[PDB]
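Listed below, chain by chain, are the residues.
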Amino acid sequence: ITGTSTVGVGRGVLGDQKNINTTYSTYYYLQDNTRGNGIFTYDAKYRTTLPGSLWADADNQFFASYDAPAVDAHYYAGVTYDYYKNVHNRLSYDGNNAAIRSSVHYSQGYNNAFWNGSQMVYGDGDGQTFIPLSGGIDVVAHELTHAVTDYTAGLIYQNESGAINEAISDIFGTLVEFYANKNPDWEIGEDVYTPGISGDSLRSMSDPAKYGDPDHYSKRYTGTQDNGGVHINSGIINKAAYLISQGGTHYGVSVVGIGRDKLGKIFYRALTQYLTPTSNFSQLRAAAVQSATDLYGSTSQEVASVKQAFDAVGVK
Ligand SMILES: O[C@@H]1[C@@H](O)[C@H](O)OC[C@H]1O
Ligand SMILES: O[C@@H]1[C@@H](O)[C@H](O)OC[C@H]1O
Ligand SMILES: O[C@@H]1[C@@H](O)[C@H](O)OC[C@H]1O
Ligand SMILES: O[C@@H]1[C@@H](O)[C@H](O)OC[C@H]1O
Ligand SMILES: [Ca+2]
Ligand SMILES: [Ca+2]
Ligand SMILES: [Ca+2]
Ligand SMILES: [Cl-]
Ligand SMILES: [Cl-]
Ligand SMILES: [Cl-]
Ligand SMILES: [Cl-]
Ligand SMILES: [Zn+2]
Ligand SMILES: [Zn+2]
Ligand SMILES: [Zn+2]
Ligand SMILES: [Zn+2]
Ligand SMILES: [Zn+2]
Ligand SMILES: [Zn+2]
Ligand SMILES: [Zn+2]
């Protein structure tokens, strides 16, 4: 809508106060004019019709319980935009400042969130398995990163390519979480998963086997469920990424950690320059090694650590 750019205030899903960019025209709308072609957040009103109504508020204060998922969808879309622009010089998910549109209160008791090809969609959870999923910055950024992947490599969402697709989204979801300093960690979805259980998450990048996911190529899932194990076998790549950043010794292979910024630069270059729709784990290793070579030189520690990490998870 046309109006005046304003700054409102509210609380997110976890009860934390934050400022949000809004637009005033009779009502205050969740329309952020400060980022690209805009960030727009919508009320799906417990239906499955999308996008729903652009979120309108009478007083620019967003402290109602019903407001909280919208506050976080809107705010964390902005954080994700800032990460890709400031760290990778990428303008929105398509690199052309596409508007980022999000709908909250999708369906009833819906334990999921997704990028649908043109917008983000967030369920509210059933209150036992999940609370509203936009409360997790890593969820928001994980799903927006699927759009980045779609507009670049086009990784196919099955088998090894699909596991790489998932891992890329976990990697950048986590790097966004660290960028925001929003209680960062190397687990996924901890802020919105199982409110009655502390210390858990959907999966761990630092220790995938904590939840039974494989941390070595020899332990990969080879069946047909989950599109060939895309959320299971992602642990193999997630652990390699963790090792590249933080270092460690894994299955007897020592990895010299090079930090989060260099992890992000190596994988972003691999994703945008070298991966293809059917890249497998071995081809991802090659893309990461070449990316680190481009950035840091063939004799660099960074290249050596990429090789160590993929060795440690059994990917040649
Ligand atoms: O923490 C990371 C920071 O060090 C880097 O500069 O940008 C990405 C963040 O995840
Ligand atoms: O278990 C890991 C711990 O050893 C390290 O200190 O920080 C990250 C954790 O995942
Ligand atoms: O081949 C071994 C692999 O199967 C195991 O999982 O990790 C150590 C490797 O040496
Ligand atoms: O069966 C597939 C397996 O062959 C591959 O190695 O990893 C993904 C699986 O879906
Ligand atoms: Ca209000
Ligand atoms: Ca996390
Ligand atoms: Ca929990
Ligand atoms: Cl470990
Ligand atoms: Cl381990
Ligand atoms: Cl480790
Ligand atoms: Cl180990
Ligand atoms: Zn998802
Ligand atoms: Zn995903
Ligand atoms: Zn966290
Ligand atoms: Zn799955
Ligand atoms: Zn998923
Ligand atoms: Zn280990
Ligand atoms: Zn380890």
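How each quantity is defined
Residues numbered from 1 in each chain as written, not as in the entry; some residues may be left out. Chains lettered and ligands numbered in written order. Heavy atoms only, no water. Donors = N, O, S within 2.8 Å, 3.2 Å for Na, K, Ca; no water. Buried < 20%, exposed > 50% of the residue type's maximum accessible area, 1.4 Å probe, protein only. UniProt positions renumbered as here; feature names shortened; annotations may be inferred. Contact = heavy atoms within 4.5 Å. Polar contact = N/O pair within 3.5 Å; in protein donor to acceptor, adjacent residues only side chain to side chain. Helix = DSSP H or I, 4+ residues; strand = E, 2+ residues; numbered from the N terminus. Near = heavy atom within 4 Å. Areas by Shrake-Rupley, 256 points an atom, 1.4 Å probe, with all protein chains shown as cover.

At the metal site, the zinc ion (ligand 13) is ligated by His142 (NE2), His146 (NE2) and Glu166 (OE), and these contacts range over 2.0 Å. Within one chain, the residues serving as donors to the zinc ion (ligand 13) are arranged as H-x3-H-x19-E. Take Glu166: its relative accessible area is 1%, and that puts it in the buried class.

Taking the UniProt record as the reference, the feature "binding site: Ca(2+) 1" is found at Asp57, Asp59 and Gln61. Judged by its relative accessible area of 9%, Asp57 falls in the buried class. With residues up to four places along the chain from it excluded, the contact list for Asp57 reads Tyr27, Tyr28, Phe62 and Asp67. Within the structure, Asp57 has its side chain in polar contact with the backbone nitrogen of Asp59 (distance 3.0 Å). With respect to the element layout, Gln61 can be found in strand β8 (residues 61–62).

Cis rather than trans, the peptide bond between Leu50 and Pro51 has omega equal to 5°. By the secondary structure assignment, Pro51 is in the loop between β5 (39–43) and β6 (53–54). Of note in the backbone geometry, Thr26 takes a positive phi value of approximately 70° without being a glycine. By secondary structure assignment, the location of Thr26 is in the loop between β2 (17–25) and β3 (27–29).

A few words on the site of ligand 1. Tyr83, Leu175, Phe178, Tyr179, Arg260 and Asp261 make up every residue found near ligand 1. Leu175 places a main-chain nitrogen or oxygen 2.8 Å from an oxygen atom of ligand 1. Within the side chain of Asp261, a nitrogen or oxygen atom sits 3.3 Å from an oxygen atom of ligand 1. Relative to its unbound accessible area of 280 Å², ligand 1 is 74% covered by the protein chains.

A word on the environment of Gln108. Along the polypeptide, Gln108 turns up in the loop between β9 (100–106) and β10 (113–115). C-alpha separation for the pair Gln108 and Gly123, spaced 15 residues apart in sequence, amounts to 7.3 Å.

Glancing now at the UniProt feature "binding site: Zn(2+)" in the protein. When the UniProt feature table is mapped onto this chain numbering, "binding site: Zn(2+)" sits at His142, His146 and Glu166. Annotated residues spanning 25 residues; largest pairwise C-alpha distance 8.2 Å, indicating a single compact cluster. Within the secondary structure, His142 sits in helix α2 (residues 137–150). Among the residues examined, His142 registers a relative accessible area of 4% and is labelled buried. With residues near it in sequence (within four places) discarded, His142 still touches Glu166, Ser169, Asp170, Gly173 and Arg203. For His146, the position within the fold is in helix α2. Overall, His146 belongs to the buried group, its relative accessible area being 10%. Ignoring sequence-local partners within four residues, the contact set of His146 consists of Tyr157, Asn165, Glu166 and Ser169. Among the polar contacts made by the side chain of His146, one reaches the side chain of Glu166 at a distance of 3.0 Å.

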